[PDB]
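# So I've got this experimental structure, pasted below with the sequence.
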Amino acid sequence: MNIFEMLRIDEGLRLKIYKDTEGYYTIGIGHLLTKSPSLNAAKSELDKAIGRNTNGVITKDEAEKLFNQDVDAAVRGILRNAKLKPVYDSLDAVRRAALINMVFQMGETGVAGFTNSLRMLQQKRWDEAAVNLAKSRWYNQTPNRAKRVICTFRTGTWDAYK
Ligand SMILES: *SCC1=CC(C)(C)N(O)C1(C)C
Ligand SMILES: [Cl-]
Ligand SMILES: [Cl-]
Ligand SMILES: [Cl-]
(Lines give C-alpha, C1' and ligand atoms only; values in the text may rest on other atoms or scores of the structure.)
(Ligands and ions follow the chains in the order given, each with its own letter.)
Protein backbone atom coordinates (compact mmCIF):
# COMPACT_ATOMS: atom_id res chain seq x y z
CA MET A 1 0.00 0.00 0.00
CA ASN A 2 1.02 3.62 -0.67
CA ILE A 3 -0.62 7.04 -1.07
CA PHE A 4 -1.47 6.36 -4.73
CA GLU A 5 -3.08 2.98 -4.03
CA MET A 6 -4.82 4.47 -1.00
CA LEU A 7 -6.39 7.39 -2.85
CA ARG A 8 -7.25 5.12 -5.80
CA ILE A 9 -9.35 3.06 -3.38
CA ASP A 10 -10.99 6.11 -1.77
CA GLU A 11 -11.65 8.05 -4.97
CA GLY A 12 -12.29 5.32 -7.54
CA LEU A 13 -11.72 5.69 -11.28
CA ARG A 14 -14.22 7.13 -13.74
CA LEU A 15 -13.36 8.26 -17.26
CA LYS A 16 -16.36 10.51 -17.89
CA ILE A 17 -17.35 13.65 -16.00
CA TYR A 18 -19.43 12.73 -12.95
CA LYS A 19 -20.48 14.43 -9.71
CA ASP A 20 -18.54 13.70 -6.52
CA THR A 21 -19.97 13.21 -3.02
CA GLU A 22 -20.50 16.99 -2.73
CA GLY A 23 -22.28 17.17 -6.09
CA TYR A 24 -19.31 18.80 -7.84
CA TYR A 25 -18.17 17.91 -11.35
CA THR A 26 -15.18 15.57 -11.17
CA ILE A 27 -13.33 13.09 -13.39
CA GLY A 28 -10.66 10.39 -13.27
CA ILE A 29 -9.37 9.56 -9.81
CA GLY A 30 -11.08 12.21 -7.70
CA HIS A 31 -9.99 15.14 -9.86
CA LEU A 32 -12.27 18.05 -8.98
CA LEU A 33 -13.01 20.13 -12.07
CA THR A 34 -15.14 22.91 -10.62
CA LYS A 35 -17.66 23.74 -7.93
CA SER A 36 -19.70 25.46 -10.65
CA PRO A 37 -23.17 23.99 -11.31
CA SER A 38 -22.51 24.44 -15.03
CA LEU A 39 -21.56 21.29 -16.92
CA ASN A 40 -20.21 23.50 -19.70
CA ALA A 41 -17.95 25.18 -17.17
CA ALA A 42 -16.74 21.76 -16.02
CA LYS A 43 -16.06 20.66 -19.61
CA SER A 44 -14.01 23.81 -20.15
CA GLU A 45 -11.94 23.07 -17.05
CA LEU A 46 -11.39 19.53 -18.34
CA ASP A 47 -10.20 20.69 -21.76
CA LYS A 48 -7.80 23.13 -20.07
CA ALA A 49 -6.53 20.45 -17.68
CA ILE A 50 -5.93 17.83 -20.39
CA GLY A 51 -4.76 20.21 -23.12
CA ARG A 52 -7.22 19.15 -25.81
CA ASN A 53 -10.87 19.46 -26.81
CA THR A 54 -12.34 16.48 -24.96
CA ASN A 55 -15.90 15.17 -25.12
CA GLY A 56 -16.22 15.09 -21.34
CA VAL A 57 -14.30 11.83 -21.57
CA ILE A 58 -10.63 11.04 -20.95
CA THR A 59 -8.39 7.98 -21.20
CA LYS A 60 -7.03 6.01 -18.25
CA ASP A 61 -3.55 7.38 -18.95
CA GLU A 62 -4.95 10.92 -18.85
CA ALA A 63 -6.78 10.16 -15.60
CA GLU A 64 -3.54 8.87 -14.08
CA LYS A 65 -1.67 11.96 -15.26
CA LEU A 66 -4.10 14.28 -13.43
CA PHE A 67 -3.83 11.95 -10.42
CA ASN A 68 -0.02 12.22 -10.32
CA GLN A 69 -0.33 16.00 -10.56
CA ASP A 70 -2.99 16.11 -7.84
CA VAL A 71 -1.01 13.97 -5.38
CA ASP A 72 2.09 16.09 -6.03
CA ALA A 73 -0.02 19.22 -5.52
CA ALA A 74 -1.35 17.94 -2.19
CA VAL A 75 2.18 17.26 -0.92
CA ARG A 76 3.40 20.64 -2.17
CA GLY A 77 0.41 22.30 -0.51
CA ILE A 78 1.23 20.66 2.82
CA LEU A 79 4.88 21.66 2.66
CA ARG A 80 4.09 25.30 1.82
CA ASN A 81 1.53 25.64 4.60
CA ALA A 82 2.72 26.92 7.99
CA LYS A 83 0.14 24.86 9.89
CA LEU A 84 0.47 21.61 7.96
CA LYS A 85 4.22 21.35 7.40
CA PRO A 86 5.18 20.88 11.08
CA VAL A 87 2.54 18.17 11.48
CA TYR A 88 3.59 16.36 8.30
CA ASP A 89 7.26 16.56 9.31
CA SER A 90 6.42 15.02 12.68
CA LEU A 91 4.66 11.97 11.23
CA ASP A 92 5.76 8.53 10.05
CA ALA A 93 5.29 7.62 6.38
CA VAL A 94 1.94 5.86 6.86
CA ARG A 95 0.34 8.74 8.74
CA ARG A 96 1.88 11.18 6.24
CA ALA A 97 -0.19 9.40 3.58
CA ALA A 98 -3.30 9.88 5.74
CA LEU A 99 -2.63 13.63 5.89
CA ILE A 100 -2.07 13.79 2.11
CA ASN A 101 -5.37 11.94 1.72
CA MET A 102 -7.21 14.58 3.75
CA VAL A 103 -5.60 17.43 1.78
CA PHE A 104 -6.45 15.70 -1.52
CA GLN A 105 -10.11 15.52 -0.51
CA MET A 106 -10.61 18.83 1.27
CA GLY A 107 -7.78 21.07 0.12
CA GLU A 108 -4.87 22.71 1.91
CA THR A 109 -6.87 25.50 3.54
CA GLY A 110 -9.57 23.13 4.78
CA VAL A 111 -7.24 20.74 6.56
CA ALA A 112 -5.08 23.57 7.94
CA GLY A 113 -8.17 24.70 9.83
CA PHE A 114 -8.29 21.46 11.85
CA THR A 115 -6.25 23.22 14.54
CA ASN A 116 -7.07 20.98 17.50
CA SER A 117 -6.79 17.73 15.55
CA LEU A 118 -3.45 18.83 14.14
CA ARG A 119 -2.13 19.59 17.63
CA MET A 120 -3.14 16.13 18.88
CA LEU A 121 -1.48 14.50 15.87
CA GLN A 122 1.74 16.44 16.48
CA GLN A 123 1.52 15.36 20.14
CA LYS A 124 1.16 11.77 18.90
CA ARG A 125 -1.98 11.31 20.98
CA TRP A 126 -3.49 8.96 18.41
CA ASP A 127 -6.67 7.83 20.15
CA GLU A 128 -7.56 11.38 21.19
CA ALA A 129 -6.80 12.72 17.71
CA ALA A 130 -9.03 10.02 16.22
CA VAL A 131 -11.93 11.03 18.46
CA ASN A 132 -11.38 14.70 17.63
CA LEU A 133 -11.16 14.15 13.86
CA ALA A 134 -14.56 12.44 13.91
CA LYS A 135 -16.20 15.61 15.25
CA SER A 136 -16.29 17.13 11.78
CA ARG A 137 -18.48 17.76 8.77
CA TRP A 138 -15.83 15.69 6.96
CA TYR A 139 -16.55 12.60 9.04
CA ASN A 140 -20.30 13.08 8.96
CA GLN A 141 -20.55 13.53 5.18
CA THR A 142 -18.07 10.77 4.25
CA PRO A 143 -18.00 8.47 7.29
CA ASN A 144 -16.61 5.29 5.69
CA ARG A 145 -13.75 7.10 3.97
CA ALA A 146 -13.08 9.23 7.06
CA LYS A 147 -13.10 6.09 9.20
CA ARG A 148 -10.38 4.57 7.01
CA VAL A 149 -8.24 7.71 7.17
CA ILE A 150 -8.78 8.14 10.92
CA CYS A 151 -7.96 4.46 11.55
CA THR A 152 -4.73 5.02 9.64
CA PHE A 153 -3.88 7.93 11.96
CA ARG A 154 -4.86 5.85 14.99
CA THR A 155 -2.81 2.73 14.21
CA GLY A 156 -0.13 3.89 11.78
CA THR A 157 -0.84 0.73 9.80
CA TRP A 158 -2.66 0.06 6.52
CA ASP A 159 -5.20 -2.21 8.21
CA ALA A 160 -8.15 -0.10 7.00
CA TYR A 161 -7.13 -0.58 3.36
CA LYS A 162 -6.38 -4.32 3.37
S1 LIG B 1 -9.55 2.09 13.54
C2 LIG B 1 -8.41 0.80 13.16
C3 LIG B 1 -8.70 -0.49 13.89
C4 LIG B 1 -7.72 -1.26 14.39
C5 LIG B 1 -8.29 -2.58 14.85
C6 LIG B 1 -8.00 -2.79 16.33
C7 LIG B 1 -7.70 -3.71 14.01
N8 LIG B 1 -9.72 -2.41 14.60
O9 LIG B 1 -10.58 -3.32 14.80
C10 LIG B 1 -10.06 -1.09 14.09
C11 LIG B 1 -10.82 -1.15 12.77
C12 LIG B 1 -10.84 -0.31 15.14
CL1 LIG C 1 -14.66 10.13 -6.13
CL1 LIG D 1 -19.41 17.40 15.28
CL1 LIG E 1 -17.62 7.56 2.77
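Structure received. Numbers count the residues shown, from 1 in each chain. Ligands and ions are numbered 1, 2, ... in the order given.

# When you work out contacts or count neighbours from here on, use the C-alpha atoms and nothing else.
Fine.

# In the protein, which residue sits nearest ligand 2?
Of all residues in the chain, residue 11 sits closest to ligand 2, with a separation of 3.8 Å (C-alpha to the ion).

# Can you tell me the closest non-neighbouring residue to the residue sitting nearest the centre point of the chain?
Closest residue to the average C-alpha location of the chain: residue 104 at 2.3 Å, with C-alpha atoms, centre = their mean. If the residues on either side of it in the chain are set aside, residue 104 comes closest to residue 74, at 5.6 Å by C-alpha to C-alpha, 6 or more residues apart in numbering.

# Helix or strand next in line after the helix or strand containing residue 44, which one?
With elements delineated by DSSP states H and E, residue 44 resides in helix 39-50, which encompasses its position. The C-terminal neighbour of helix 39-50 among helices and strands, as given by DSSP H and E, is helix 60-80.

# how big is the angle separating that following helix from helix 39-50?
The directions of helix 60-80 and helix 39-50 differ by 80 degrees, with axes from the mean of the first three to the mean of the last three C-alpha atoms, to 10 degrees as the criterion.

# in helix 60-80, what's buried?
By neighbour count with 16 or more other C-alpha atoms under 10 Å, helix 60-80 contains the buried residues 63, 64, 66, 67, 70, 71, 73, 74, 75, 77, 78, 79.

# how near is the third one to residue 137?
Using C-alpha to C-alpha, to the nearest Å, residue 66 is found at 27 Å from residue 137.

# who's in contact with the residue lying closest to residue 71 once chain neighbours are set aside?
Taking C-alpha to C-alpha, 6+ apart, and ignoring the residues beside it in sequence, residue 71 has residue 104 as its nearest neighbour in space, at 6.9 Å. Going by C-alpha atoms under 8 Å, 6 or more residues apart in numbering, residue 104 touches 70, 71, 74.
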